[PDB]
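Participant: What follows is work28.cif; its format and atoms are mmCIF, N, CA and C atoms.
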data_run
loop_
_atom_site.label_atom_id
_atom_site.label_comp_id
_atom_site.auth_asym_id
_atom_site.auth_seq_id
_atom_site.Cartn_x
_atom_site.Cartn_y
_atom_site.Cartn_z
N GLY W 1 3.20 -21.86 -1.00
CA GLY W 1 4.27 -20.83 -1.09
C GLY W 1 4.46 -20.35 -2.51
N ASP W 2 4.73 -19.05 -2.67
CA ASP W 2 4.79 -18.40 -3.98
C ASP W 2 4.66 -16.89 -3.78
N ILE W 3 5.64 -16.14 -4.28
CA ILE W 3 5.62 -14.67 -4.27
C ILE W 3 5.83 -14.07 -2.87
N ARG W 4 5.43 -14.80 -1.82
CA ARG W 4 5.52 -14.31 -0.44
C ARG W 4 6.94 -13.86 -0.10
N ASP W 5 7.92 -14.39 -0.83
CA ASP W 5 9.32 -14.05 -0.62
C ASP W 5 9.54 -12.55 -0.78
N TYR W 6 8.96 -11.96 -1.83
CA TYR W 6 9.11 -10.53 -2.07
C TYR W 6 8.37 -9.76 -0.98
N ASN W 7 7.19 -10.27 -0.61
CA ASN W 7 6.41 -9.69 0.47
C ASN W 7 7.29 -9.53 1.71
N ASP W 8 7.67 -10.64 2.31
CA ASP W 8 8.47 -10.63 3.53
C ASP W 8 9.74 -9.79 3.34
N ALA W 9 10.61 -10.24 2.45
CA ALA W 9 11.93 -9.64 2.29
C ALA W 9 11.86 -8.22 1.73
N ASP W 10 11.27 -8.07 0.55
CA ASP W 10 11.31 -6.79 -0.16
C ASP W 10 10.45 -5.73 0.53
N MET W 11 9.32 -6.12 1.13
CA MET W 11 8.53 -5.14 1.87
C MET W 11 9.29 -4.72 3.12
N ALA W 12 9.92 -5.68 3.80
CA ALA W 12 10.74 -5.36 4.97
C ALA W 12 11.79 -4.30 4.61
N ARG W 13 12.50 -4.55 3.52
CA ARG W 13 13.57 -3.65 3.08
C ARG W 13 13.02 -2.30 2.64
N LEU W 14 11.88 -2.31 1.95
CA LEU W 14 11.26 -1.09 1.44
C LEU W 14 10.78 -0.20 2.59
N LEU W 15 10.01 -0.78 3.50
CA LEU W 15 9.45 -0.03 4.62
C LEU W 15 10.54 0.37 5.62
N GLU W 16 11.60 -0.44 5.71
CA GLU W 16 12.72 -0.12 6.60
C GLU W 16 13.29 1.26 6.26
N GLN W 17 13.28 1.60 4.97
CA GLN W 17 13.69 2.92 4.52
C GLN W 17 12.77 3.98 5.11
N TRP W 18 11.47 3.80 4.92
CA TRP W 18 10.46 4.73 5.44
C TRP W 18 10.58 4.87 6.95
N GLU W 19 10.91 3.77 7.62
CA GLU W 19 11.15 3.79 9.06
C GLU W 19 12.32 4.71 9.37
N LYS W 20 13.43 4.50 8.65
CA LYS W 20 14.65 5.27 8.89
C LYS W 20 14.45 6.75 8.56
N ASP W 21 13.65 7.04 7.53
CA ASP W 21 13.35 8.44 7.18
C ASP W 21 12.54 9.10 8.29
N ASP W 22 11.54 8.38 8.78
CA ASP W 22 10.74 8.83 9.92
C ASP W 22 11.63 8.99 11.16
N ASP W 23 12.65 8.12 11.27
CA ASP W 23 13.64 8.20 12.36
C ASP W 23 14.54 9.42 12.18
N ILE W 24 14.97 9.68 10.94
CA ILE W 24 15.79 10.85 10.65
C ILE W 24 15.02 12.11 11.00
N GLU W 25 13.72 12.07 10.75
CA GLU W 25 12.83 13.16 11.12
C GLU W 25 12.67 13.23 12.63
N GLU W 26 12.67 12.07 13.27
CA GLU W 26 12.71 11.99 14.74
C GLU W 26 13.99 12.66 15.25
N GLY W 27 15.00 12.69 14.38
CA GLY W 27 16.24 13.39 14.68
C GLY W 27 17.32 12.52 15.30
N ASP W 28 17.25 11.21 15.05
CA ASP W 28 18.32 10.30 15.47
C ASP W 28 18.26 9.01 14.65
N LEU W 29 19.40 8.32 14.57
CA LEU W 29 19.51 7.09 13.79
C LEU W 29 19.50 5.87 14.72
N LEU W 62 0.00 5.65 8.83
CA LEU W 62 -0.51 4.40 8.26
C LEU W 62 0.13 4.08 6.91
N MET W 63 0.38 2.79 6.70
CA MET W 63 0.80 2.26 5.40
C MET W 63 0.05 0.96 5.17
N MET W 64 -0.30 0.67 3.92
CA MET W 64 -1.19 -0.44 3.61
C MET W 64 -0.61 -1.37 2.55
N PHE W 65 -0.69 -2.66 2.82
CA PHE W 65 -0.45 -3.68 1.81
C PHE W 65 -1.80 -4.14 1.26
N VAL W 66 -2.00 -4.00 -0.04
CA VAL W 66 -3.29 -4.30 -0.64
C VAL W 66 -3.18 -5.47 -1.61
N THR W 67 -3.65 -6.64 -1.19
CA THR W 67 -3.71 -7.81 -2.05
C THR W 67 -4.82 -7.62 -3.08
N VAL W 68 -4.44 -7.38 -4.33
CA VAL W 68 -5.42 -7.05 -5.36
C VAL W 68 -5.73 -8.26 -6.24
N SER W 69 -4.71 -8.74 -6.94
CA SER W 69 -4.88 -9.84 -7.88
C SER W 69 -4.61 -11.20 -7.23
N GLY W 70 -3.51 -11.28 -6.48
CA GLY W 70 -3.04 -12.57 -5.99
C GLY W 70 -2.46 -13.39 -7.14
N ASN W 71 -2.30 -12.73 -8.28
CA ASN W 71 -1.83 -13.34 -9.51
C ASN W 71 -0.62 -12.56 -10.03
N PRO W 72 0.50 -13.24 -10.34
CA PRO W 72 1.75 -12.60 -10.79
C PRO W 72 1.59 -11.69 -12.01
N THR W 73 0.49 -11.83 -12.75
CA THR W 73 0.24 -11.02 -13.94
C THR W 73 0.20 -9.52 -13.60
N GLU W 74 1.36 -8.86 -13.73
CA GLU W 74 1.50 -7.42 -13.45
C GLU W 74 0.44 -6.58 -14.17
N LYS W 75 -0.10 -7.12 -15.25
CA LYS W 75 -1.04 -6.40 -16.10
C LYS W 75 -2.27 -5.98 -15.31
N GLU W 76 -2.76 -6.88 -14.45
CA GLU W 76 -3.92 -6.59 -13.63
C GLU W 76 -3.66 -5.41 -12.70
N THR W 77 -2.56 -5.50 -11.94
CA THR W 77 -2.19 -4.46 -11.00
C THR W 77 -1.90 -3.14 -11.73
N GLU W 78 -1.37 -3.25 -12.94
CA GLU W 78 -1.15 -2.08 -13.80
C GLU W 78 -2.46 -1.32 -14.01
N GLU W 79 -3.45 -2.01 -14.59
CA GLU W 79 -4.75 -1.40 -14.89
C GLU W 79 -5.37 -0.80 -13.62
N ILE W 80 -5.52 -1.65 -12.60
CA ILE W 80 -6.25 -1.28 -11.41
C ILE W 80 -5.54 -0.14 -10.65
N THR W 81 -4.23 -0.28 -10.43
CA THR W 81 -3.46 0.76 -9.74
C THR W 81 -3.45 2.05 -10.56
N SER W 82 -3.53 1.92 -11.88
CA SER W 82 -3.65 3.08 -12.76
C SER W 82 -4.91 3.87 -12.39
N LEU W 83 -6.02 3.14 -12.23
CA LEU W 83 -7.28 3.76 -11.80
C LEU W 83 -7.09 4.44 -10.44
N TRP W 84 -6.48 3.71 -9.51
CA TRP W 84 -6.28 4.18 -8.14
C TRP W 84 -5.46 5.46 -8.11
N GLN W 85 -4.45 5.54 -8.97
CA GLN W 85 -3.63 6.74 -9.08
C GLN W 85 -4.48 7.90 -9.58
N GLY W 86 -5.08 7.71 -10.76
CA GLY W 86 -5.97 8.71 -11.34
C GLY W 86 -7.10 9.13 -10.40
N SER W 87 -7.43 8.30 -9.43
CA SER W 87 -8.48 8.64 -8.46
C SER W 87 -7.89 9.40 -7.25
N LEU W 88 -6.99 8.75 -6.53
CA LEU W 88 -6.45 9.28 -5.27
C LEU W 88 -5.66 10.57 -5.50
N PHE W 89 -4.76 10.54 -6.49
CA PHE W 89 -3.88 11.68 -6.76
C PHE W 89 -4.61 12.78 -7.52
N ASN W 90 -5.89 12.56 -7.79
CA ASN W 90 -6.72 13.54 -8.47
C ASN W 90 -7.36 14.47 -7.44
N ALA W 91 -7.74 13.88 -6.30
CA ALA W 91 -8.30 14.64 -5.18
C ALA W 91 -7.19 15.18 -4.29
N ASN W 92 -5.94 14.91 -4.70
CA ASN W 92 -4.75 15.34 -3.97
C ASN W 92 -4.71 14.73 -2.56
N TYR W 93 -4.11 13.55 -2.46
CA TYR W 93 -3.89 12.90 -1.17
C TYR W 93 -2.39 12.79 -0.88
N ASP W 94 -2.02 13.02 0.38
CA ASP W 94 -0.62 12.89 0.83
C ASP W 94 -0.23 11.42 0.92
N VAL W 95 -0.18 10.75 -0.23
CA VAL W 95 0.13 9.33 -0.29
C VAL W 95 1.14 9.05 -1.40
N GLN W 96 1.75 7.87 -1.33
CA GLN W 96 2.64 7.38 -2.38
C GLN W 96 2.39 5.89 -2.58
N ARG W 97 2.57 5.42 -3.81
CA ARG W 97 2.22 4.04 -4.15
C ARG W 97 3.35 3.38 -4.94
N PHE W 98 3.65 2.13 -4.61
CA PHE W 98 4.62 1.35 -5.37
C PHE W 98 3.98 0.05 -5.83
N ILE W 99 4.24 -0.30 -7.09
CA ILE W 99 3.68 -1.50 -7.69
C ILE W 99 4.77 -2.56 -7.90
N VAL W 100 4.96 -3.39 -6.89
CA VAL W 100 5.93 -4.48 -6.95
C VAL W 100 5.27 -5.77 -6.47
N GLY W 101 5.33 -6.81 -7.31
CA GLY W 101 4.63 -8.04 -7.00
C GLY W 101 3.13 -7.87 -7.14
N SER W 102 2.59 -8.34 -8.25
CA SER W 102 1.19 -8.13 -8.61
C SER W 102 0.22 -8.64 -7.53
N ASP W 103 0.73 -9.45 -6.61
CA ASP W 103 -0.05 -9.92 -5.47
C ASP W 103 -0.57 -8.73 -4.68
N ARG W 104 0.34 -7.82 -4.32
CA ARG W 104 0.01 -6.69 -3.46
C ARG W 104 0.58 -5.38 -4.00
N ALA W 105 -0.26 -4.36 -4.03
CA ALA W 105 0.19 -2.99 -4.29
C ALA W 105 0.37 -2.30 -2.94
N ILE W 106 1.46 -1.54 -2.76
CA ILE W 106 1.73 -0.91 -1.47
C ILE W 106 1.44 0.59 -1.51
N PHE W 107 0.80 1.09 -0.45
CA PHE W 107 0.38 2.49 -0.35
C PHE W 107 0.79 3.06 1.00
N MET W 108 1.66 4.06 0.98
CA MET W 108 2.11 4.72 2.19
C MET W 108 1.36 6.04 2.37
N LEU W 109 0.65 6.17 3.49
CA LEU W 109 -0.14 7.36 3.78
C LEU W 109 0.56 8.23 4.82
N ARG W 110 0.87 9.47 4.44
CA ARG W 110 1.42 10.44 5.37
C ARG W 110 0.28 11.09 6.17
N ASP W 111 -0.94 10.93 5.66
CA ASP W 111 -2.14 11.39 6.36
C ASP W 111 -3.13 10.24 6.49
N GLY W 112 -3.57 9.97 7.71
CA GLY W 112 -4.45 8.84 7.97
C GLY W 112 -5.91 9.22 8.10
N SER W 113 -6.25 10.46 7.76
CA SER W 113 -7.63 10.93 7.88
C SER W 113 -8.54 10.14 6.93
N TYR W 114 -8.13 10.05 5.67
CA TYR W 114 -8.89 9.36 4.63
C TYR W 114 -8.47 7.90 4.50
N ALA W 115 -7.92 7.33 5.58
CA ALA W 115 -7.44 5.95 5.56
C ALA W 115 -8.56 4.97 5.22
N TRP W 116 -9.65 5.04 5.97
CA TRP W 116 -10.80 4.17 5.74
C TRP W 116 -11.54 4.58 4.46
N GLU W 117 -11.27 5.79 3.98
CA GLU W 117 -11.89 6.29 2.76
C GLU W 117 -11.25 5.63 1.54
N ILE W 118 -9.92 5.64 1.48
CA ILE W 118 -9.19 4.94 0.41
C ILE W 118 -9.48 3.44 0.51
N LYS W 119 -9.42 2.91 1.74
CA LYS W 119 -9.74 1.51 2.01
C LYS W 119 -11.14 1.18 1.49
N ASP W 120 -12.09 2.07 1.78
CA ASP W 120 -13.47 1.90 1.34
C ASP W 120 -13.54 1.83 -0.18
N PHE W 121 -12.79 2.70 -0.84
CA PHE W 121 -12.72 2.73 -2.30
C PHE W 121 -12.18 1.40 -2.84
N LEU W 122 -11.20 0.84 -2.14
CA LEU W 122 -10.57 -0.40 -2.57
C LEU W 122 -11.54 -1.59 -2.43
N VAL W 123 -12.34 -1.58 -1.37
CA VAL W 123 -13.32 -2.66 -1.15
C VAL W 123 -14.61 -2.39 -1.93
N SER W 124 -14.80 -1.14 -2.36
CA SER W 124 -16.00 -0.73 -3.10
C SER W 124 -15.95 -1.23 -4.55
N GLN W 125 -14.90 -1.95 -4.90
CA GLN W 125 -14.66 -2.37 -6.28
C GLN W 125 -15.36 -3.70 -6.59
N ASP W 126 -15.55 -3.96 -7.89
CA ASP W 126 -16.20 -5.19 -8.36
C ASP W 126 -15.54 -6.43 -7.76
N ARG W 127 -14.29 -6.69 -8.14
CA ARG W 127 -13.56 -7.85 -7.62
C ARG W 127 -13.17 -7.63 -6.15
N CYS W 128 -13.13 -6.37 -5.74
CA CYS W 128 -12.80 -5.98 -4.36
C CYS W 128 -11.32 -6.26 -4.05
N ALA W 129 -10.67 -5.28 -3.43
CA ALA W 129 -9.27 -5.43 -3.02
C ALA W 129 -9.19 -5.74 -1.52
N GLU W 130 -8.18 -6.52 -1.15
CA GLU W 130 -7.97 -6.90 0.25
C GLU W 130 -6.89 -6.03 0.88
N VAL W 131 -7.27 -5.27 1.91
CA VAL W 131 -6.39 -4.27 2.51
C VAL W 131 -5.94 -4.70 3.91
N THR W 132 -4.64 -4.56 4.17
CA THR W 132 -4.07 -4.82 5.49
C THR W 132 -3.06 -3.73 5.84
N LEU W 133 -2.96 -3.36 7.11
CA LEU W 133 -2.05 -2.30 7.54
C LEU W 133 -0.65 -2.87 7.81
N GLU W 134 0.35 -1.99 7.78
CA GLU W 134 1.74 -2.39 8.02
C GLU W 134 1.96 -2.60 9.52
N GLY W 135 2.75 -3.62 9.86
CA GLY W 135 3.08 -3.89 11.25
C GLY W 135 1.91 -4.43 12.04
N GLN W 136 1.04 -3.53 12.48
CA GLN W 136 -0.11 -3.88 13.32
C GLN W 136 -1.38 -3.22 12.78
N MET W 137 -2.52 -3.84 13.05
CA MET W 137 -3.81 -3.29 12.65
C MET W 137 -4.64 -2.95 13.88
N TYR W 138 -5.37 -1.85 13.80
CA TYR W 138 -6.28 -1.44 14.87
C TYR W 138 -7.56 -2.29 14.85
N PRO W 139 -8.17 -2.55 13.66
CA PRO W 139 -9.31 -3.47 13.55
C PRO W 139 -8.86 -4.93 13.45
N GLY W 140 -9.69 -5.83 13.97
CA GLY W 140 -9.39 -7.25 13.90
C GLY W 140 -8.38 -7.68 14.94
N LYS W 141 -8.55 -7.17 16.16
CA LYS W 141 -7.67 -7.51 17.28
C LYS W 141 -7.79 -9.00 17.62
#
Spell out the structure here as structure tokens.
Facilitator:
Amino acid sequence: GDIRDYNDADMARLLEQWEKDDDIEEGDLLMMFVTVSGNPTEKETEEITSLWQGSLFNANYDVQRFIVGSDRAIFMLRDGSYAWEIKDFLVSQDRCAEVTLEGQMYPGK
């Protein structure tokens, strides 16, 4: 055990907002968790996510990214067309990033 506390609690609270916004859009009251470092050293996630920003937001993708807990960087996709494309980019890396979807995953049933 270590850091998972922010994962469970803080991701729940963070995504709950996105849920409620999507609900507000529903008119009544894909996203990815990427384990990159697995190490609390924010510096790693800083460098790497910096690259990811300069890459993804350069080709203009309907996505947003939050860097909390160097274990996992979170990426919310409003468009899932390039989902496996961004994922591919993350796994295409030297150290390779570990990608998992929010809630449920279509692969790995």
Participant: Leaving out residue 88 of chain W and any residue of its chain fewer than 4 positions from it, which residues lie within 12 Å of it when counting only C-alpha atoms, given as a tab-separated table (two decimals) with N, CA and C atoms, keeping the file's coordinate frame?
Facilitator:
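The resulting part-v3.tsv:
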chain	number	residue	atom	x	y	z
W	81	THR	N	-4.23	-0.28	-10.43
W	81	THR	CA	-3.46	0.76	-9.74
W	81	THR	C	-3.45	2.05	-10.56
W	82	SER	N	-3.53	1.92	-11.88
W	82	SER	CA	-3.65	3.08	-12.76
W	82	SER	C	-4.91	3.87	-12.39
W	83	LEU	N	-6.02	3.14	-12.23
W	83	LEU	CA	-7.28	3.76	-11.80
W	83	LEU	C	-7.09	4.44	-10.44
W	84	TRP	N	-6.48	3.71	-9.51
W	84	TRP	CA	-6.28	4.18	-8.14
W	84	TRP	C	-5.46	5.46	-8.11
W	92	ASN	N	-5.94	14.91	-4.70
W	92	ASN	CA	-4.75	15.34	-3.97
W	92	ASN	C	-4.71	14.73	-2.56
W	93	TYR	N	-4.11	13.55	-2.46
W	93	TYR	CA	-3.89	12.90	-1.17
W	93	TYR	C	-2.39	12.79	-0.88
W	94	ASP	N	-2.02	13.02	0.38
W	94	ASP	CA	-0.62	12.89	0.83
W	94	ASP	C	-0.23	11.42	0.92
W	95	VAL	N	-0.18	10.75	-0.23
W	95	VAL	CA	0.13	9.33	-0.29
W	95	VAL	C	1.14	9.05	-1.40
W	96	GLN	N	1.75	7.87	-1.33
W	96	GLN	CA	2.64	7.38	-2.38
W	96	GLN	C	2.39	5.89	-2.58
W	97	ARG	N	2.57	5.42	-3.81
W	97	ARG	CA	2.22	4.04	-4.15
W	97	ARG	C	3.35	3.38	-4.94
W	107	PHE	N	0.80	1.09	-0.45
W	107	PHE	CA	0.38	2.49	-0.35
W	107	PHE	C	0.79	3.06	1.00
W	109	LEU	N	0.65	6.17	3.49
W	109	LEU	CA	-0.14	7.36	3.78
W	109	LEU	C	0.56	8.23	4.82
W	114	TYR	N	-8.13	10.05	5.67
W	114	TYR	CA	-8.89	9.36	4.63
W	114	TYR	C	-8.47	7.90	4.50
W	115	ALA	N	-7.92	7.33	5.58
W	115	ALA	CA	-7.44	5.95	5.56
W	115	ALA	C	-8.56	4.97	5.22
W	117	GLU	N	-11.27	5.79	3.98
W	117	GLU	CA	-11.89	6.29	2.76
W	117	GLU	C	-11.25	5.63	1.54
W	118	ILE	N	-9.92	5.64	1.48
W	118	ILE	CA	-9.19	4.94	0.41
W	118	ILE	C	-9.48	3.44	0.51
W	119	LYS	N	-9.42	2.91	1.74
W	119	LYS	CA	-9.74	1.51	2.01
W	119	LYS	C	-11.14	1.18	1.49
W	121	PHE	N	-12.79	2.70	-0.84
W	121	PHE	CA	-12.72	2.73	-2.30
W	121	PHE	C	-12.18	1.40	-2.84
W	122	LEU	N	-11.20	0.84	-2.14
W	122	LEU	CA	-10.57	-0.40	-2.57
W	122	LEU	C	-11.54	-1.59	-2.43
Participant: Determine, counting all atoms listed in the file, which protein, DNA and RNA residues have an atom within 7 Å of an atom of residue 103 of chain W; residues of the same chain fewer than 2 positions away are not included. Present the result as a ChimeraX atom specification.
Facilitator: /W:66-73,100-101,105
Participant: Contacts of residue 11 of chain W at 12 Å or less, counting only C-alpha atoms, minus same-chain residues fewer than 5 places along, as a PDB file with N, CA and C atoms, in the coordinates of the input?
Facilitator:
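Full text of around.pdb as output:
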ATOM      1  N   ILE W   3       5.640 -16.140  -4.280  1.00  0.00           N
ATOM      2  CA  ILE W   3       5.620 -14.670  -4.270  1.00  0.00           C
ATOM      3  C   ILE W   3       5.830 -14.070  -2.870  1.00  0.00           C
ATOM      4  N   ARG W   4       5.430 -14.800  -1.820  1.00  0.00           N
ATOM      5  CA  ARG W   4       5.520 -14.310  -0.440  1.00  0.00           C
ATOM      6  C   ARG W   4       6.940 -13.860  -0.100  1.00  0.00           C
ATOM      7  N   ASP W   5       7.920 -14.390  -0.830  1.00  0.00           N
ATOM      8  CA  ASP W   5       9.320 -14.050  -0.620  1.00  0.00           C
ATOM      9  C   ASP W   5       9.540 -12.550  -0.780  1.00  0.00           C
ATOM     10  N   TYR W   6       8.960 -11.960  -1.830  1.00  0.00           N
ATOM     11  CA  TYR W   6       9.110 -10.530  -2.070  1.00  0.00           C
ATOM     12  C   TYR W   6       8.370  -9.760  -0.980  1.00  0.00           C
ATOM     13  N   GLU W  16      11.600  -0.440   5.710  1.00  0.00           N
ATOM     14  CA  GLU W  16      12.720  -0.120   6.600  1.00  0.00           C
ATOM     15  C   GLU W  16      13.290   1.260   6.260  1.00  0.00           C
ATOM     16  N   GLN W  17      13.280   1.600   4.970  1.00  0.00           N
ATOM     17  CA  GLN W  17      13.690   2.920   4.520  1.00  0.00           C
ATOM     18  C   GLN W  17      12.770   3.980   5.110  1.00  0.00           C
ATOM     19  N   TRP W  18      11.470   3.800   4.920  1.00  0.00           N
ATOM     20  CA  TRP W  18      10.460   4.730   5.440  1.00  0.00           C
ATOM     21  C   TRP W  18      10.580   4.870   6.950  1.00  0.00           C
ATOM     22  N   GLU W  19      10.910   3.770   7.620  1.00  0.00           N
ATOM     23  CA  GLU W  19      11.150   3.790   9.060  1.00  0.00           C
ATOM     24  C   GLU W  19      12.320   4.710   9.370  1.00  0.00           C
ATOM     25  N   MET W  63       0.380   2.790   6.700  1.00  0.00           N
ATOM     26  CA  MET W  63       0.800   2.260   5.400  1.00  0.00           C
ATOM     27  C   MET W  63       0.050   0.960   5.170  1.00  0.00           C
ATOM     28  N   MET W  64      -0.300   0.670   3.920  1.00  0.00           N
ATOM     29  CA  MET W  64      -1.190  -0.440   3.610  1.00  0.00           C
ATOM     30  C   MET W  64      -0.610  -1.370   2.550  1.00  0.00           C
ATOM     31  N   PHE W  65      -0.690  -2.660   2.820  1.00  0.00           N
ATOM     32  CA  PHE W  65      -0.450  -3.680   1.810  1.00  0.00           C
ATOM     33  C   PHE W  65      -1.800  -4.140   1.260  1.00  0.00           C
ATOM     34  N   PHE W  98       3.650   2.130  -4.610  1.00  0.00           N
ATOM     35  CA  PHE W  98       4.620   1.350  -5.370  1.00  0.00           C
ATOM     36  C   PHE W  98       3.980   0.050  -5.830  1.00  0.00           C
ATOM     37  N   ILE W  99       4.240  -0.300  -7.090  1.00  0.00           N
ATOM     38  CA  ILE W  99       3.680  -1.500  -7.690  1.00  0.00           C
ATOM     39  C   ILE W  99       4.770  -2.560  -7.900  1.00  0.00           C
ATOM     40  N   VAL W 100       4.960  -3.390  -6.890  1.00  0.00           N
ATOM     41  CA  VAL W 100       5.930  -4.480  -6.950  1.00  0.00           C
ATOM     42  C   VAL W 100       5.270  -5.770  -6.470  1.00  0.00           C
ATOM     43  N   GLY W 101       5.330  -6.810  -7.310  1.00  0.00           N
ATOM     44  CA  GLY W 101       4.630  -8.040  -7.000  1.00  0.00           C
ATOM     45  C   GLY W 101       3.130  -7.870  -7.140  1.00  0.00           C
ATOM     46  N   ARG W 104       0.340  -7.820  -4.320  1.00  0.00           N
ATOM     47  CA  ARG W 104       0.010  -6.690  -3.460  1.00  0.00           C
ATOM     48  C   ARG W 104       0.580  -5.380  -4.000  1.00  0.00           C
ATOM     49  N   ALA W 105      -0.260  -4.360  -4.030  1.00  0.00           N
ATOM     50  CA  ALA W 105       0.190  -2.990  -4.290  1.00  0.00           C
ATOM     51  C   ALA W 105       0.370  -2.300  -2.940  1.00  0.00           C
ATOM     52  N   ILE W 106       1.460  -1.540  -2.760  1.00  0.00           N
ATOM     53  CA  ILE W 106       1.730  -0.910  -1.470  1.00  0.00           C
ATOM     54  C   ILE W 106       1.440   0.590  -1.510  1.00  0.00           C
ATOM     55  N   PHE W 107       0.800   1.090  -0.450  1.00  0.00           N
ATOM     56  CA  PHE W 107       0.380   2.490  -0.350  1.00  0.00           C
ATOM     57  C   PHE W 107       0.790   3.060   1.000  1.00  0.00           C
ATOM     58  N   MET W 108       1.660   4.060   0.980  1.00  0.00           N
ATOM     59  CA  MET W 108       2.110   4.720   2.190  1.00  0.00           C
ATOM     60  C   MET W 108       1.360   6.040   2.370  1.00  0.00           C
ATOM     61  N   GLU W 134       0.350  -1.990   7.780  1.00  0.00           N
ATOM     62  CA  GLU W 134       1.740  -2.390   8.020  1.00  0.00           C
ATOM     63  C   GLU W 134       1.960  -2.600   9.520  1.00  0.00           C
ATOM     64  N   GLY W 135       2.750  -3.620   9.860  1.00  0.00           N
ATOM     65  CA  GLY W 135       3.080  -3.890  11.250  1.00  0.00           C
ATOM     66  C   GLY W 135       1.910  -4.430  12.040  1.00  0.00           C
TER      67      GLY W 135
END
Participant: How many Å separate atom C of residue 76 of chain W from atom N of residue 9 of chain W?
Facilitator: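 For atom C of residue 76 of chain W relative to atom N of residue 9 of chain W, the distance reads 21.4 Å.
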Participant: In Å to one decimal, how far is atom CA of residue 120 of chain W from atom C of residue 87 of chain W?
Facilitator: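 Separating atom C of residue 87 of chain W from atom CA of residue 120 of chain W is a distance of 12.7 Å.
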Participant: If DSSP is run on the backbone, what residues of chain W are alpha helix (DSSP H)? A reply as a ChimeraX atom specification would be ideal.
Facilitator: /W:4-5,12-26,74-88,115-123
Participant: Using only C-alpha atoms, find the one residue out of W:62, W:91, W:24, W:12 that sits nearest to residue 131 of chain W.
Facilitator: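 Using only C-alpha atoms, residue 131 of chain W sits closest to W:62.
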Participant: As an exercise, work out the distance from atom CA of residue 112 of chain W to atom CA of residue 127 of chain W in Å and give it to one decimal place.
Facilitator: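 For atom CA of residue 112 of chain W relative to atom CA of residue 127 of chain W, the distance reads 24.6 Å.
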Participant: Just list the residues in chain W DSSP gives strand (DSSP E) on the backbone, as a PyMOL selection string.
Facilitator: chain W and resi 63-67+95-98+104-109+130-133
Participant: Taking into account only N, CA and C atoms, which residue in the set W:102, W:89, W:20, W:29 is nearest to residue 75 of chain W?
Facilitator: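 Closest candidate: W:102.
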